[PDB]
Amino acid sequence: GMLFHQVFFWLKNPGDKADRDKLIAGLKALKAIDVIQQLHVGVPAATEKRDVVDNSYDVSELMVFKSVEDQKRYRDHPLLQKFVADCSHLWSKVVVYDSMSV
């Protein structure tokens, strides 16, 4: 199975388009890291707001890795550290779900 690295970000300034765009752009530029197999960035969809749906985050990220070792290499990659240095002031809260496919 593959590894699905899912992150949801809540901005310090929710609804601030400039900060949101900066965060999105910063995430997308991580495509420079060759261990990332897929890189998707998103925002809440206009789906029916059901009780079980959390639409309160501002930006979502989905990366796919071949393995836990490749994800580890991403984690330790200088370009990811630069992104956190550049962009972590933008967010107040993050939730990460790392899943291995079955």
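For every residue, the number given is its place in the sequence shown, counted from 1.
The PDB entry reports B-factors from which the mean C-alpha value can be compared for 64-72 and 34-42; the larger average falls on 64-72. The stretch with the higher mean CA B factor, choosing between 73-81 and 46-54, is 46-54.
When the modelled residues of the chain are ordered by their C-alpha B factor, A18 lands in the lowest third.
The PDB entry assigns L11 a C-alpha temperature factor belonging to the middle third of its chain's modelled residues.
Per the deposited record, the Cα B-factor of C87 falls in the highest third when ranked against the other modelled residues of its chain.
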